[PDB]
Amino acid sequence: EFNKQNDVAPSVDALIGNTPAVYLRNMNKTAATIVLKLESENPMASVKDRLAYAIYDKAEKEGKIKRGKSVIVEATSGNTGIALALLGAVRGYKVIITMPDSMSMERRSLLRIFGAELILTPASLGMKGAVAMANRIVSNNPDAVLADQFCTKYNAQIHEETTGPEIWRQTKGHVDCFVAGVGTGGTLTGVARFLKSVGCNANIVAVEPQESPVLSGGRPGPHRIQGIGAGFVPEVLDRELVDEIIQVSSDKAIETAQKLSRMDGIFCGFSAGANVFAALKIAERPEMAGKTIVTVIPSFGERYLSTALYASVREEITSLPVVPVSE
Amino acid sequence: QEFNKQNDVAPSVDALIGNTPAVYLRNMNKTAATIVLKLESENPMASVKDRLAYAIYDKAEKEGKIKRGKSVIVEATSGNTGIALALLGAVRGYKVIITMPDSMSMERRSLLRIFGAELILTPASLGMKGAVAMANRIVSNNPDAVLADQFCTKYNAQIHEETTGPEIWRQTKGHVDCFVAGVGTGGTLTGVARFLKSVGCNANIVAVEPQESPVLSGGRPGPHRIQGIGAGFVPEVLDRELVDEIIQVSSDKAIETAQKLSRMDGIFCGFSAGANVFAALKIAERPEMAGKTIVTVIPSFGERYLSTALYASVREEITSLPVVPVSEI
Ligand SMILES: *Cc1c(COP(=O)(O)O)cnc(C)c1O
Ligand SMILES: *Cc1c(COP(=O)(O)O)cnc(C)c1O
Ligand SMILES: [Cl-]
């Protein structure tokens, strides 16, 4: 009996989740239906808003942190720190985020606009170095807690309680396959568990980068698909629930993102491109005719505008004429 | 089963426009008034203008004034109206041409091209008067071109009287003592106002303009930093007879307010939201507004304004920053 279109929210943390879903319209010329769950429509434009919500809300409820006193600490060069910052501002906690020096001014402003404290580590050390400084500050201060996004039990829990039930209602009980990229793995896992709760046997599909195919027989590498494919198996990912793995090149991911905008009005990030690519691969399978596939759009595209994802679109806008003496 | 975003699957992105959330302003409000913020920032391309694009396309199609694949939508705009018109072009299968001056950033031109809009750069020297003239030129050359016409169109206020107004009425359960909003085209103000008079609500209707360009108060058009409002003239769309009062807000008071909205309430938004909230808070201090409900609009999400004046001060802090030394393991 909280409805965002019908009611006034008490505060912005109440606007987390209950995200829309949209049929994939033009790009789908298969006989499968594809539902896109738009996590991009969360308040700070990331699925990670659900995770920050869970950490703060569940830690508070298990007496494990308190307003004014607690200090939330994380090493994150992505959206999790934005979301932690956001909920810090709303709920009255000091937040410290640790990240490599290579991060853009846009991604550091996003933290500091919410009052978070930054502490930067040298680029060559990367994320192992940030992880390092995070643990250092956490055990030095009696008031610090590490969020612990990759190992926390709050991660899959929140998706089993929110994202799952929502998709189930939104599709009215028709989900024949659920496809999602694995970052922390909480989205895939949390949703899968919900579907097993209600006796739905939808095929569960993980999506990984080709340039880092860790959930298969493959070694960690670099890839440009921000938010998924972290170079290991997360503790949070329940592997037994996963029926199938689909690898996507960065290139097939960027193509797909760019078409999503041009063809369907769905402005999103790299991970979204991968997920939809995977969805559409699955939809072309002959046994999937008349079935429903659900995937996730995890982030809105605006954060990724000055990145490889829209490099080709930035080619075409320079290479354009001014005009001079016409009126 | 009218459309509910939380419980339904939209047929396409245009069906997700409108039905935006509302949130009470909590920490920044040191008054005895309640302040409701209508979050137009939560539209699909993150501004209020998505409602206007929807209206133009949807009403023009229904009056036979345009046809898919045939008709070409044209507008001169260096702001969010262009993004919305682009978006709906992509979704509904129309060609869009946007004219703007050459001074526009690669970020703001990407946002258009990503939807396959056509761009036409006019010279920065001539600014917007120059873009406006090109747009009219293209429209008179091409029998299938249509000017979106954001400042003059009947569609603009209509959509706010049919959607924005009714939504606010349901969300506030009929408690609206004042509606305050910045005037770009004037359609949000006017459309909501008309709706409130339709249901017999006599809320005080408040326009907000930039202090440095106080045209609705008889000052002269001037420069200001408050993207979205203060066009430098009175739009035909604006019904001034419905407006009870005008409040001016400095660019600087608009920036401070937007920065606090983030820091203090988690509401990440642009300059015009800053202005609106500031104005709402000025009204809320009035003694006669004690225990009354003031509604305003957050028109756009903040991420588009990250490399602008709005967050310049915050970008100071993050560039002059320590790394830490040889001191990890
Ligand atoms: C976190 C993240 C995901 C993956 O979701 P998990 O909860 O980690 O499975 C996908 N892409 C982006 C953009 C992310 O921010
Ligand atoms: C256009 C717009 C407004 C003004 O709304 P109107 O309905 O056009 O008066 C305010 N701020 C921003 C950012 C907008 O894009
Ligand atoms: Cl006053």
# chains A, B, ... in the order shown; residues from 1 in each chain; ligands from 1
$ residues_around --residues "residue 315 (chain A)" --least-positions-apart "5" --cutoff "10 Å" --atoms "only C-alpha atoms" --output "VMD selection string"
(chain A and resid 310 320) or (chain B and resid 106 110)
$ residues_near_ligand --ligand "ligand 1" --cutoff "8 Å" --atoms "only C-alpha atoms and all ligand atoms" --output "MDAnalysis selection string"
chainID A and resid 46:48 51 78:80 150 155:156 180:189 226:228 269:272 297:299
$ closest_atom_pairs --of "chain B" --to "ligand 2" --cutoff "8 Å" --atoms "only C-alpha atoms and all ligand atoms" --output "CSV"
residue,atom,partner,partner_atom_place_in_ligand_line,distance
B:47,CA,ligand 2,15 (O),5.9
B:48,CA,ligand 2,14 (C),6.1
B:49,CA,ligand 2,15 (O),5.8
B:52,CA,ligand 2,7 (O),7.9
B:79,CA,ligand 2,15 (O),6.5
B:80,CA,ligand 2,15 (O),5.0
B:81,CA,ligand 2,15 (O),6.6
B:150,CA,ligand 2,8 (O),7.7
B:151,CA,ligand 2,8 (O),7.9
B:156,CA,ligand 2,7 (O),7.3
B:157,CA,ligand 2,7 (O),7.6
B:181,CA,ligand 2,9 (O),7.6
B:182,CA,ligand 2,4 (C),5.7
B:183,CA,ligand 2,9 (O),3.9
B:184,CA,ligand 2,9 (O),3.5
B:185,CA,ligand 2,8 (O),3.7
B:186,CA,ligand 2,9 (O),3.4
B:187,CA,ligand 2,7 (O),3.9
B:188,CA,ligand 2,7 (O),3.7
B:189,CA,ligand 2,9 (O),6.2
B:227,CA,ligand 2,13 (C),5.7
B:228,CA,ligand 2,12 (C),3.4
B:229,CA,ligand 2,10 (C),5.1
B:270,CA,ligand 2,13 (C),6.5
B:271,CA,ligand 2,13 (C),7.1
B:272,CA,ligand 2,11 (N),4.8
B:273,CA,ligand 2,11 (N),6.9
B:298,CA,ligand 2,11 (N),7.9
B:299,CA,ligand 2,11 (N),4.9
B:300,CA,ligand 2,13 (C),5.0
$ write_last_selection --atoms "N, CA and C atoms" --output "tab-separated table (two decimals), in the first residue's frame"
chain	number	residue	atom	x	y	z
B	47	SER	N	14.01	14.67	-17.29
B	47	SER	CA	13.50	16.02	-17.16
B	47	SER	C	12.00	16.02	-17.42
B	48	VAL	N	11.41	17.16	-17.10
B	48	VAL	CA	9.99	17.40	-17.25
B	48	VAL	C	9.58	17.43	-18.72
B	49	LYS	N	10.55	17.70	-19.60
B	49	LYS	CA	10.30	17.99	-21.00
B	49	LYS	C	9.88	16.72	-21.72
B	52	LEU	N	6.26	17.13	-22.37
B	52	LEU	CA	5.98	17.98	-23.50
B	52	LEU	C	6.23	17.25	-24.85
B	79	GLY	N	18.71	22.80	-24.80
B	79	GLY	CA	18.39	22.09	-23.56
B	79	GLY	C	17.58	20.79	-23.73
B	80	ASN	N	16.74	20.53	-22.75
B	80	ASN	CA	16.22	19.20	-22.51
B	80	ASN	C	15.08	18.90	-23.46
B	81	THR	N	14.44	19.96	-24.00
B	81	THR	CA	13.39	19.75	-25.01
B	81	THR	C	13.93	18.96	-26.20
B	150	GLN	N	7.81	24.91	-28.78
B	150	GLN	CA	7.63	24.69	-27.34
B	150	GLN	C	7.04	25.87	-26.56
B	151	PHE	N	7.29	27.11	-27.00
B	151	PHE	CA	6.84	28.34	-26.35
B	151	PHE	C	5.43	28.75	-26.78
B	156	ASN	N	1.23	22.09	-24.68
B	156	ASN	CA	2.22	22.16	-23.62
B	156	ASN	C	1.48	22.22	-22.30
B	157	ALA	N	0.77	23.33	-22.06
B	157	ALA	CA	-0.11	23.38	-20.90
B	157	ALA	C	-1.16	22.25	-20.87
B	181	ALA	N	6.36	27.22	-9.17
B	181	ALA	CA	7.19	26.63	-10.25
B	181	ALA	C	7.81	27.69	-11.13
B	182	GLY	N	9.05	27.40	-11.48
B	182	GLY	CA	9.76	28.18	-12.47
B	182	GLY	C	9.14	28.09	-13.85
B	183	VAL	N	9.25	29.21	-14.54
B	183	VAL	CA	8.66	29.38	-15.85
B	183	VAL	C	9.77	29.34	-16.91
B	184	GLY	N	9.85	28.21	-17.65
B	184	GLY	CA	10.61	28.10	-18.89
B	184	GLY	C	9.73	28.52	-20.07
B	185	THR	N	8.90	27.56	-20.52
B	185	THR	CA	7.83	27.77	-21.48
B	185	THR	C	6.59	28.26	-20.76
B	186	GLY	N	6.46	27.92	-19.46
B	186	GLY	CA	5.30	28.30	-18.66
B	186	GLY	C	4.21	27.23	-18.65
B	187	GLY	N	4.50	26.08	-19.26
B	187	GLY	CA	3.45	25.09	-19.40
B	187	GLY	C	3.13	24.30	-18.12
B	188	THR	N	4.15	23.85	-17.39
B	188	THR	CA	3.98	23.25	-16.08
B	188	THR	C	3.14	24.15	-15.16
B	189	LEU	N	3.56	25.42	-15.00
B	189	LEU	CA	2.78	26.33	-14.18
B	189	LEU	C	1.31	26.37	-14.62
B	227	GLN	N	19.63	27.20	-15.97
B	227	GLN	CA	19.13	26.36	-17.04
B	227	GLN	C	17.73	25.82	-16.68
B	228	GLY	N	16.86	26.15	-17.63
B	228	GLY	CA	15.51	25.63	-17.76
B	228	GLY	C	14.46	26.74	-17.77
B	229	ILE	N	14.76	27.84	-17.04
B	229	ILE	CA	13.81	28.92	-16.86
B	229	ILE	C	14.44	30.22	-17.36
B	270	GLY	N	19.07	19.89	-10.78
B	270	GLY	CA	19.65	20.98	-11.53
B	270	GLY	C	19.31	22.35	-10.94
B	271	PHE	N	19.64	23.39	-11.72
B	271	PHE	CA	19.63	24.74	-11.22
B	271	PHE	C	18.19	25.14	-10.89
B	272	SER	N	17.26	24.83	-11.80
B	272	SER	CA	15.87	25.27	-11.72
B	272	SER	C	15.15	24.67	-10.49
B	273	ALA	N	15.48	23.40	-10.15
B	273	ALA	CA	15.02	22.75	-8.93
B	273	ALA	C	15.49	23.53	-7.71
B	298	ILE	N	10.78	19.46	-8.97
B	298	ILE	CA	12.14	19.22	-9.32
B	298	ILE	C	12.16	18.85	-10.81
B	299	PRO	N	12.51	19.79	-11.76
B	299	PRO	CA	12.37	19.54	-13.20
B	299	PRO	C	13.40	18.65	-13.86
B	300	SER	N	14.61	18.53	-13.28
B	300	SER	CA	15.64	17.72	-13.94
B	300	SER	C	16.62	17.11	-12.94
$ residues_near_ligand --ligand "ligand 3" --cutoff "8 Å" --atoms "only C-alpha atoms and all ligand atoms" --output "MDAnalysis selection string"
chainID B and resid 282:283 285:286
$ select_by_dssp --residues "region 118-327 of chain A" --states "helix (DSSP H, G or I)" --output "PyMOL selection string"
chain A and resi 123-140+154-170+186-197+239-241+250-264+270-284+286-288+301-304+308-317
$ residues_around --residues "residue 13 (chain B)" --least-positions-apart "5" --cutoff "8 Å" --atoms "only C-alpha atoms" --output "PyMOL selection string"
(chain A and resi 22+264-266) or (chain B and resi 44+91)
$ residues_around --residues "residue 103 (chain A)" --least-positions-apart "6" --cutoff "10 Å" --atoms "only C-alpha atoms" --output "JSON, numbers by chain"
{"A": [77, 78, 120, 123]}
$ write_last_selection --atoms "N, CA and C atoms" --output "PDB file, in the first residue's frame"
ATOM      1  N   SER A  77      35.189   1.924  -7.050  1.00  0.00           N
ATOM      2  CA  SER A  77      35.335   2.859  -8.144  1.00  0.00           C
ATOM      3  C   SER A  77      34.081   2.883  -9.033  1.00  0.00           C
ATOM      4  N   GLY A  78      32.992   2.208  -8.593  1.00  0.00           N
ATOM      5  CA  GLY A  78      31.706   2.182  -9.280  1.00  0.00           C
ATOM      6  C   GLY A  78      30.539   2.675  -8.414  1.00  0.00           C
ATOM      7  N   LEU A 120      42.197   8.776  -1.860  1.00  0.00           N
ATOM      8  CA  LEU A 120      42.589   8.214  -3.151  1.00  0.00           C
ATOM      9  C   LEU A 120      43.843   7.337  -3.006  1.00  0.00           C
ATOM     10  N   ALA A 123      47.356   4.608  -8.761  1.00  0.00           N
ATOM     11  CA  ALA A 123      46.692   3.908  -9.851  1.00  0.00           C
ATOM     12  C   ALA A 123      47.249   2.493 -10.048  1.00  0.00           C
TER      13      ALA A 123
END
$ interface_residues --of "chain A" --to "chain B" --cutoff "7 Å" --atoms "only C-alpha atoms" --output "ChimeraX atom specification"
/A:4-12,18-23,25,86,89-90,101,105-106,108-109,112-115,120-122,129,132-133,169-171,258,261-265,305,313-314,317,321-324,327
$ atom_distance --atom1 "CA of residue 210 (chain B)" --atom2 "CA of residue 274 (chain B)"
11.3 Å
$ residues_around --residues "region 192-205 of chain B" --least-positions-apart "5" --cutoff "7 Å" --atoms "only C-alpha atoms" --output "PyMOL selection string"
chain B and resi 160-161+164-165+176-180+242-245
$ select_by_dssp --residues "region 25-228 of chain A" --states "strand (DSSP E)" --output "ChimeraX atom specification"
/A:33-38,71-75,94-100,117-121,144-146,177-181,203-209
$ atom_distance --atom1 "CA of residue 147 (chain A)" --atom2 "CA of residue 62 (chain A)"
14.2 Å
$ residues_around --residues "residue 229 (chain A)" --least-positions-apart "5" --cutoff "10 Å" --atoms "only C-alpha atoms" --output "MDAnalysis selection string"
chainID A and resid 181:185 207:215 220:224 234 271
$ closest_residue --among "B:237, B:39, B:284, B:247" --to "residue 215 (chain B)" --atoms "only C-alpha atoms"
B:247
$ residues_around --residues "residue 198 (chain A)" --least-positions-apart "6" --cutoff "10 Å" --atoms "only C-alpha atoms" --output "NGL selection string"
:A and (165 or 168 or 173)
$ write_last_selection --atoms "N, CA, C and O atoms" --output "mmCIF file, in the first residue's frame"
data_model
loop_
_atom_site.group_PDB
_atom_site.id
_atom_site.type_symbol
_atom_site.label_atom_id
_atom_site.label_comp_id
_atom_site.auth_asym_id
_atom_site.auth_seq_id
_atom_site.Cartn_x
_atom_site.Cartn_y
_atom_site.Cartn_z
ATOM 1 N N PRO A 165 10.006 -10.435 -6.327
ATOM 2 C CA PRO A 165 8.562 -10.249 -6.252
ATOM 3 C C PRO A 165 8.014 -9.226 -7.222
ATOM 4 O O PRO A 165 6.882 -9.348 -7.673
ATOM 5 N N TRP A 168 8.024 -10.770 -10.693
ATOM 6 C CA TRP A 168 6.944 -11.747 -10.689
ATOM 7 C C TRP A 168 5.569 -11.078 -10.898
ATOM 8 O O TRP A 168 4.818 -11.430 -11.813
ATOM 9 N N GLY A 173 3.427 -13.558 -13.221
ATOM 10 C CA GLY A 173 3.698 -14.979 -13.101
ATOM 11 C C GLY A 173 4.220 -15.695 -14.351
ATOM 12 O O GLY A 173 4.378 -16.912 -14.263
#
$ decode --residues "region 67-100 of chain B" --atoms "N, CA and C atoms" --output "mmCIF file, in the first residue's frame"
data_model
loop_
_atom_site.group_PDB
_atom_site.id
_atom_site.type_symbol
_atom_site.label_atom_id
_atom_site.label_comp_id
_atom_site.auth_asym_id
_atom_site.auth_seq_id
_atom_site.Cartn_x
_atom_site.Cartn_y
_atom_site.Cartn_z
ATOM 1 N N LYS B 67 2.620 12.306 -39.345
ATOM 2 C CA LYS B 67 2.522 10.889 -39.699
ATOM 3 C C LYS B 67 3.895 10.208 -39.595
ATOM 4 N N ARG B 68 3.947 8.965 -39.106
ATOM 5 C CA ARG B 68 5.218 8.306 -38.792
ATOM 6 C C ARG B 68 6.023 8.091 -40.073
ATOM 7 N N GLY B 69 7.369 8.127 -40.001
ATOM 8 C CA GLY B 69 8.224 7.971 -41.173
ATOM 9 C C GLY B 69 8.082 9.111 -42.192
ATOM 10 N N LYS B 70 6.963 9.826 -42.246
ATOM 11 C CA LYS B 70 6.851 10.903 -43.200
ATOM 12 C C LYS B 70 7.349 12.204 -42.576
ATOM 13 N N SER B 71 6.865 12.500 -41.353
ATOM 14 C CA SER B 71 6.977 13.858 -40.809
ATOM 15 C C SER B 71 8.301 14.035 -40.070
ATOM 16 N N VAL B 72 8.826 15.287 -40.114
ATOM 17 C CA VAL B 72 10.133 15.616 -39.535
ATOM 18 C C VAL B 72 9.958 16.714 -38.483
ATOM 19 N N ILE B 73 10.363 16.416 -37.251
ATOM 20 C CA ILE B 73 10.085 17.304 -36.141
ATOM 21 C C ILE B 73 11.338 18.163 -35.995
ATOM 22 N N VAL B 74 11.094 19.466 -35.873
ATOM 23 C CA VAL B 74 12.196 20.413 -35.853
ATOM 24 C C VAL B 74 12.035 21.355 -34.649
ATOM 25 N N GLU B 75 13.168 21.612 -34.008
ATOM 26 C CA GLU B 75 13.190 22.544 -32.912
ATOM 27 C C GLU B 75 14.613 23.019 -32.782
ATOM 28 N N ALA B 76 14.703 24.324 -32.503
ATOM 29 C CA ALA B 76 15.889 24.943 -31.960
ATOM 30 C C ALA B 76 15.813 24.942 -30.422
ATOM 31 N N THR B 77 16.831 24.325 -29.809
ATOM 32 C CA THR B 77 16.884 24.092 -28.395
ATOM 33 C C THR B 77 18.300 23.670 -28.057
ATOM 34 N N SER B 78 18.879 24.301 -27.040
ATOM 35 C CA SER B 78 20.152 23.855 -26.503
ATOM 36 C C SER B 78 19.963 23.144 -25.150
ATOM 37 N N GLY B 79 18.708 22.797 -24.802
ATOM 38 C CA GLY B 79 18.389 22.092 -23.564
ATOM 39 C C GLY B 79 17.583 20.790 -23.730
ATOM 40 N N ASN B 80 16.735 20.533 -22.749
ATOM 41 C CA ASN B 80 16.220 19.205 -22.506
ATOM 42 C C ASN B 80 15.075 18.897 -23.458
ATOM 43 N N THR B 81 14.442 19.964 -24.003
ATOM 44 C CA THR B 81 13.390 19.747 -25.007
ATOM 45 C C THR B 81 13.930 18.962 -26.200
ATOM 46 N N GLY B 82 15.188 19.201 -26.537
ATOM 47 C CA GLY B 82 15.816 18.485 -27.633
ATOM 48 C C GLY B 82 15.993 17.003 -27.376
ATOM 49 N N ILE B 83 16.488 16.693 -26.176
ATOM 50 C CA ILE B 83 16.650 15.300 -25.721
ATOM 51 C C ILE B 83 15.304 14.567 -25.744
ATOM 52 N N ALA B 84 14.232 15.215 -25.276
ATOM 53 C CA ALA B 84 12.919 14.588 -25.197
ATOM 54 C C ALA B 84 12.388 14.343 -26.597
ATOM 55 N N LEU B 85 12.465 15.359 -27.461
ATOM 56 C CA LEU B 85 12.026 15.244 -28.852
ATOM 57 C C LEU B 85 12.849 14.172 -29.558
ATOM 58 N N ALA B 86 14.169 14.139 -29.310
ATOM 59 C CA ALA B 86 14.990 13.036 -29.837
ATOM 60 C C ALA B 86 14.436 11.689 -29.397
ATOM 61 N N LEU B 87 14.229 11.565 -28.084
ATOM 62 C CA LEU B 87 13.837 10.300 -27.479
ATOM 63 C C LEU B 87 12.593 9.780 -28.164
ATOM 64 N N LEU B 88 11.567 10.599 -28.221
ATOM 65 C CA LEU B 88 10.289 10.186 -28.759
ATOM 66 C C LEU B 88 10.327 9.919 -30.253
ATOM 67 N N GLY B 89 11.143 10.679 -30.998
ATOM 68 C CA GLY B 89 11.486 10.298 -32.353
ATOM 69 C C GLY B 89 11.927 8.831 -32.466
ATOM 70 N N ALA B 90 12.926 8.412 -31.689
ATOM 71 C CA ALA B 90 13.463 7.053 -31.732
ATOM 72 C C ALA B 90 12.410 5.983 -31.453
ATOM 73 N N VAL B 91 11.481 6.320 -30.577
ATOM 74 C CA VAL B 91 10.559 5.384 -29.971
ATOM 75 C C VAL B 91 9.420 5.216 -30.963
ATOM 76 N N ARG B 92 8.985 6.344 -31.543
ATOM 77 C CA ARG B 92 7.759 6.407 -32.339
ATOM 78 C C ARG B 92 8.011 6.452 -33.856
ATOM 79 N N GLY B 93 9.275 6.432 -34.283
ATOM 80 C CA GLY B 93 9.660 6.403 -35.688
ATOM 81 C C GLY B 93 9.458 7.728 -36.415
ATOM 82 N N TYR B 94 10.012 8.824 -35.853
ATOM 83 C CA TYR B 94 10.159 10.053 -36.593
ATOM 84 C C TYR B 94 11.582 10.599 -36.553
ATOM 85 N N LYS B 95 11.864 11.247 -37.677
ATOM 86 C CA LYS B 95 13.054 12.030 -37.927
ATOM 87 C C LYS B 95 12.906 13.291 -37.109
ATOM 88 N N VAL B 96 14.031 13.621 -36.475
ATOM 89 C CA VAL B 96 14.106 14.796 -35.625
ATOM 90 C C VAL B 96 15.314 15.605 -36.107
ATOM 91 N N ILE B 97 15.075 16.914 -36.296
ATOM 92 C CA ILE B 97 16.196 17.825 -36.468
ATOM 93 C C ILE B 97 16.190 18.867 -35.350
ATOM 94 N N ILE B 98 17.366 18.981 -34.715
ATOM 95 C CA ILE B 98 17.590 19.935 -33.659
ATOM 96 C C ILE B 98 18.666 20.889 -34.137
ATOM 97 N N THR B 99 18.365 22.198 -34.032
ATOM 98 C CA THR B 99 19.290 23.275 -34.308
ATOM 99 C C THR B 99 19.708 23.879 -32.961
ATOM 100 N N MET B 100 21.002 24.068 -32.818
ATOM 101 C CA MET B 100 21.566 24.688 -31.659
ATOM 102 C C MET B 100 22.895 25.353 -32.047
#
